[PDB]
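Have a look at the structure below before the remarks.
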Amino acid sequence: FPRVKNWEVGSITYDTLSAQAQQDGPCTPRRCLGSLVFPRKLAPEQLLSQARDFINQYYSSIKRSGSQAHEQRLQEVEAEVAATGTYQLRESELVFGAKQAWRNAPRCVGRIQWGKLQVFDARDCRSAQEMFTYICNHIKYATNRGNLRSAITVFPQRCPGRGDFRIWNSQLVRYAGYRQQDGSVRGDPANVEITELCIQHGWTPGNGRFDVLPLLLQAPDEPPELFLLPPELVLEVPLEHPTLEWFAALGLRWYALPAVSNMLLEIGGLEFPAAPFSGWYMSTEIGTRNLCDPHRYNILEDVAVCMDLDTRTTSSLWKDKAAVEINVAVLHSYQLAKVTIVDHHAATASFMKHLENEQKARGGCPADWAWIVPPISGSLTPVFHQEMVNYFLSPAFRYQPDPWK
Amino acid sequence: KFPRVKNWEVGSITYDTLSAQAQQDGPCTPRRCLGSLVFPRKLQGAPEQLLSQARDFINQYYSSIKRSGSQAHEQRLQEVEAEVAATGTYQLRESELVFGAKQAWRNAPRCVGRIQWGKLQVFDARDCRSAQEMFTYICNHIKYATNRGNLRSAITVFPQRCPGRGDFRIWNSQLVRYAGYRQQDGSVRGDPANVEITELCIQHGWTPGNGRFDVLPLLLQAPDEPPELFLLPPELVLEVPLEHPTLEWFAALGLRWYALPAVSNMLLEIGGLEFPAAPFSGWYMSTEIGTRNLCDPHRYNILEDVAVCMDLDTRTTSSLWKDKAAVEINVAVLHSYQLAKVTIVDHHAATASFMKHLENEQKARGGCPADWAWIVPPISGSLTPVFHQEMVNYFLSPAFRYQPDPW
Ligand code: HEM
Ligand code: HEM
Ligand SMILES: N=C(Nc1ccc(CCNCc2cccc(NC(=N)c3ccoc3)c2)cc1)c1ccoc1
Ligand SMILES: N=C(Nc1ccc(CCNCc2cccc(NC(=N)c3ccoc3)c2)cc1)c1ccoc1
Ligand SMILES: C[C@H](O)[C@H](O)[C@H]1CNc2nc(N)[nH]c(=O)c2N1
Ligand SMILES: C[C@H](O)[C@H](O)[C@H]1CNc2nc(N)[nH]c(=O)c2N1
Ligand SMILES: [Gd]
Ligand SMILES: [Gd]
Ligand SMILES: [Zn+2]
């Protein structure tokens with residue numbers, strides 16, 4: 001078992017949970033590929049073993065291992081798989097599986113929250129219009145006027161003979177990115193492709209920097225259908241800075257609800273290609289990545305010039321000073337708007353507690369160091385000094401191919 | 001296959017074909033990645049194996065100088081084969097030593113400074129016989145490398161390990177280290193990283209100081225002898241008092257650091273030969289001092305002191321008081337080293353040069369071993385280009401390796 005050391009405190013643990021890793025990552029003894037964004041490519045006997053492992057996980061979690069109920073469920077799944085090629089989760093299993101998939105997500109620093117997840121069962125959904133109803137109710141619930149609640153809506157599983165439900169958008173709220181003739185982008189460069197797809201499917205584009213995109217929702221064996229989110233459903237936070245009064249004149253904003261909509265939820269061998277989940281933001285996602293990445297909104301140099309910093313030389317650390325003030329603006333602004341947000345110090349401190357909890361509960365915790373350590377102030381947070389073991393457990397959230405490629 | 005490597009800021013793709021030549025194995029498997037572990041397990045302690053590494057190294061060298069298959073290449077292979085058959089080991093020509101030292105630096109996956117790898121002064125101390133002579137070589141190294149603040153990269157190579165004879169070892173992890181004194185309540189005065197070496201110095205007859213920045217003596221070990229204590233002449237040890245360009249009280253904190261980072265506890269491996277004492281030096285990247293050495297909770301841990309002096313709100317994390325204090329400490333380090341005319345590189349400039357290194361190496365060797373977690377600076381990670389660069393980590397030889405402490 002891997003020996004895992006915390007270098008700030010000197011404490012050592014062994015990750016025995018890693019021995020239960022259900023899938024291969026990209027590393028080998030000859031070379032580590034832990035820094036790759038995409039670590040992977042993108043039946044009945046294999047389905048059964050994954051189903052049985054999941055059922056065993058479920059009955060262990062409720063302290064009913066070996067019960068008549070545990071045995072009946074194993075037999076039932078085995079017989080349903082033999083008779084139909086697949087099986088159906090019970091509602092309690094779906095809830096357990098969604099929470100486990102979150103708990104198992106190595107790149108998520110928010111997992112101290114994993115037990116608190118509202119699971120909306122949309123496995124009866126039959127149309128894109130109904131998907132939009134479920135999505136709008138999810139957004140309303142999760143937003144909760146700014147007191148954000150973690151939630152997942154689970155649409156019907158993949159099944160043979162039938163196309164997938166898919167949400168083409170990578171998140172439920174995305175700002176349009178409009179590519180300009182000189183190669184530049186107006187709006188969010190991360191969303192140029194989904195923006196062009198929306199336009200190709202009839203959306204009349206805006207021309208602002210923070211135009212909320214419509215949803216492209218795909219029902220089985222149907223082209224995607226375009227749905228506009230009612231603007232009163234999309235809570236947004238205008239960004240200002242508590243002591244840099246011109247900052248508000250930048251016209252920057254971000255949305256309250258991070259709701260990831262393009263990942264595949266895998267439970268017990270069953271695949272849910274549409275299972276959007278939302279929580280709340282860690283401020284560096286907005287203030288550091290979304291606003292200061294050179295290939296995103298890239299506001300760093302404008303902010304530094306407005307702060308009267310000397311941007312001619314790197315050694316004044318104008319980039320660092322400007323980035324800190326932008327993160328302050330995000331934190332101050334979400335708090336002023338009474339929208340749940342967590343700074344990276346509080347978040348990483350809670351993740352350390354989560355690692356402690358998971359060592360006792362499961363003997364380890366899969367974690368992706370490069371994603372857990374925040375993008376500013378890395379070694380000022382406890383996770384920087386914490387060795388981590390990255391491995392794939394199921395249930396899981398997984399990347400999946402885009403449905404237009 | 002060959003790992004596909006993407007830069008996510010610009011979208012450019014490379015394939016790392018060099019990783020297919022990786023010699024030793026790392027700690028990762030398909031089941032779980034251990035890339036974040038400081039010690040990728042292992043450590044240190046047949047003519048066939050040595051001859052195999054020697055030939056691969058000689059072949060590497062003669063390829064690098066465009067003389068593969070030449071008469072000189074064949075003659076050198078035969079010399080090495082004949083030396084190992086006669087003596088069980090062999091001797092590097094001085095040109096091969098220099099090449100080997102530079103390649104070991106080039107191959108170091110955790111070094112962000114490798115754009116400099118071809119500029120390395122190599123002092124050949126393989127004739128060294130005594131700890132006293134080791135001290136003379138070390139002082140000359142420090143004097144050359146310090147160069148009155150105009151730091152020059154250098155390595156001094158002491159005699160190789162050989163059967164039936166102890167190693168030369170420098171016990172200190174760096175040539176310049178500040179003492180760490182354990183207090184009666186368990187706290188540390190000075191650098192907590194150096195408590196163990198400080199106590200070893202006291203054990204071997206060093207009269208300790210009681211300051212926060214006492215430069216430690218050197219414990220130098222000649223083969224089969226106990227380590228010998230040597231005091232560095234204070235005029236050899238250039239130090240920079242830390243001040244801040246605008247925070248006038250910062251100077252009164254009495255913080256300082258030394259000019260010369262000179263790593264003295266790593267093993268240099270070239271063509272199967274092992275040099276357990278081969279201290280190397282360059283110059284600092286400022287985050288090493290301002291972020292890690294001074295702000296790590298288990299190092300000097302001064303961040304909250306500085307935040308107090310800055311009148312920051314320190315009982316709400318979301319004021320980002322830690323981040324603001326950290327930046328000003330890094331500003332103070334940069335300002336102070338530039339004021340003292342001591343070479344230093346900020347983390348923006350260093351990571352930008354490392355991207356250029358990656359580009360040079362892709363053309364030169366088809367790849368570059370890099371350890372993402374160590375290349376990305378400990379503050380402002382995604383503000384630097386390396387954050388957005390996928391990297392492949394693997395072990396090439398020649399190499400600098402960790403080795404067990406000699407005691
Ligand atoms: C409740 C507050 C939460 C916070 C503060 C939080 C924080 C984060 C952050 C900062 C990341 C890195 C994202 C990036 O850099 O792109 C992340 C990733 C992730 N989160 Fe959480 N999260 C929360 C809730 C959730 C929930 C409710 C789920 C699912 C039920 C979830 C599943 C994931 C997954 C699967 C990833 C990996 C995404 C990827 O690989 O691209 N998180 N989270
Ligand atoms: C010339 C300026 C140089 C700069 C700015 C530089 C910068 C750095 C930094 C920031 C690290 C990480 C150290 C840490 O965080 O503890 C590092 C590691 C390293 N450097 Fe360089 N370096 C330079 C020169 C050199 C030279 C001359 C050598 C050897 C000949 C070298 C070999 C290494 C090695 C082997 C490591 C890995 C250390 C470890 O694994 O503990 N560097 N360097
Ligand atoms: N897919 C492409 N790259 C690409 C770019 C970025 C990513 C990271 C996606 N993470 C978004 C995300 C995921 C999970 C959590 C968050 N945050 C939250 N707080 C949160 C969200 C829900 O609950 C909490 C945010 C992944 C891939 C690509 C390739 C070509 O074009 C585009
Ligand atoms: N020593 C312990 N841990 C420990 C602590 C630190 C390390 C890594 C040390 N890197 C020092 C280093 C190495 C290479 C480069 C630099 N910087 C430079 N710019 C530089 C130096 C030479 O040329 C440029 C600095 C490794 C292990 C320990 C273990 C148990 O108890 C205590
Ligand atoms: C190349 C590198 O893996 C990539 O930029 C990663 C690094 N760590 C990250 N960490 C988080 N949380 N989010 C990210 O998008 C990334 N990107
Ligand atoms: C646990 C983790 O690997 C450890 O804290 C690493 C992270 N990255 C680092 N990067 C550098 N340059 N130096 C370090 O000491 C570390 N420490
Ligand atoms: Gd102001
Ligand atoms: Gd005062
Ligand atoms: Zn790995």
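Proteins get letters first, then strands, A, B, ... in listed order; numbering begins at 1 in each. Values below: every heavy atom of this structure, side chains too, minus hydrogens, waters and symmetry copies.
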**Report entry** Verdict with reasoning, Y297(A) to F210(A), per side chain to side chain contact (heavy atoms under 4.5 Å, CB included)
**Finding:** CA-CA 10 Å; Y297(A) 279 84; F210(A) 300 100; 3.4 Å; yes

**Report entry** Note: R296(A)-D188(A) ion pair, threshold 4.0 Å (strictly below)
**Finding:** yes

Query raised in the report: Can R166(A) and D164(A) be counted as an ion pair, charged N to O under 4.0 angstrom?
Result: no

Query raised in the report: Passes side chain to side chain contact (heavy atoms under 4.5 Å, CB included), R253(A) versus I286(A)? Steps please.
Result: CA-CA 10 Å; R253(A) 56 221 268 94; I286(A) 307 163; over 6 Å; no

Query raised in the report: Are any side-chain N or O atoms of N191(A) and backbone N or O atoms of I194(A), one a donor and one an acceptor, separated by less than 3.5 Å?
Result: no

Requested in this report: Tell me, yes or no, whether the heavy-atom count around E271(A) atom CD, taken from other residues, nucleotides or ligands under 6.0 Å, exceeds 12.
Outcome: yes

Query raised in the report: Distance-only, no hydrogens or angles: does the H241(A) side chain make a donor-acceptor pair with backbone N or O of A248(A) under 3.5 Å?
Result: no

Query raised in the report: Taking all atoms of both residues into account, what is the closest heavy-atom pair of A256(A) and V339(A), and its distance?
Result: CB-CG1, 3.4 Å

Query raised in the report: Do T288(A) side-chain atoms and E285(A) backbone N/O form a donor-acceptor pair below 3.5 Å?
Result: no

Query - Cation over ring face, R111(A) and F351(A), 6.0 Å, 45° - result: no

Query raised in the report: Do the side chain of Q57(A) and the main chain of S394(A) share a donor and acceptor less than 3.5 angstrom apart?
Result: yes

Query - For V237(A), the option from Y334(A), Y255(A), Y281(A) that meets side-chain contact (heavy atoms from CB on, under 4.5 Å) - result: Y334(A)

Query raised in the report: With distance as the sole test, does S261(A) use its side chain to make a donor-acceptor pair with the main-chain N or O of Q171(A) at under 3.5 Å?
Result: yes

Report task. State whether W114(A) and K116(A) meet the cation-pi test: NZ (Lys) or CZ (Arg) under 6.0 Å from the six-membered ring centroid, and within 45° of the perpendicular axis. Result -> no

Query raised in the report: Is there a side-chain contact between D320(A) and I379(B) (heavy atoms, below 4.5 Å)?
Result: yes

Query raised in the report: Can you find a pair of side-chain heavy atoms, one from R158(A) and one from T86(A), that are under 4.5 Å apart?
Result: no

Query raised in the report: Has the side chain of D211(A) got a donor or acceptor atom that lies under 3.5 Å from a matching backbone atom of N207(A)?
Result: yes

Query - Nearest atoms (heavy-atom pairs only) where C125(A) meets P156(A) - result: O-CG, 3.5 Å

Report task. Using a strict cut-off of less than 4.0 Å between a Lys/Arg side-chain nitrogen and an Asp/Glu carboxylate oxygen, indicate whether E76(A) and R90(A) qualify as a salt bridge. Result -> yes

Query raised in the report: Do you know which two heavy atoms are closest between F384(A) and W369(A), and how far apart they sit?
Result: O-NE1, 3.2 Å

Query raised in the report: Does any N or O in the side chain of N144(A) come within less than 3.5 Å of the main-chain N or O of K140(A), such that one atom is a donor and the other an acceptor?
Result: no

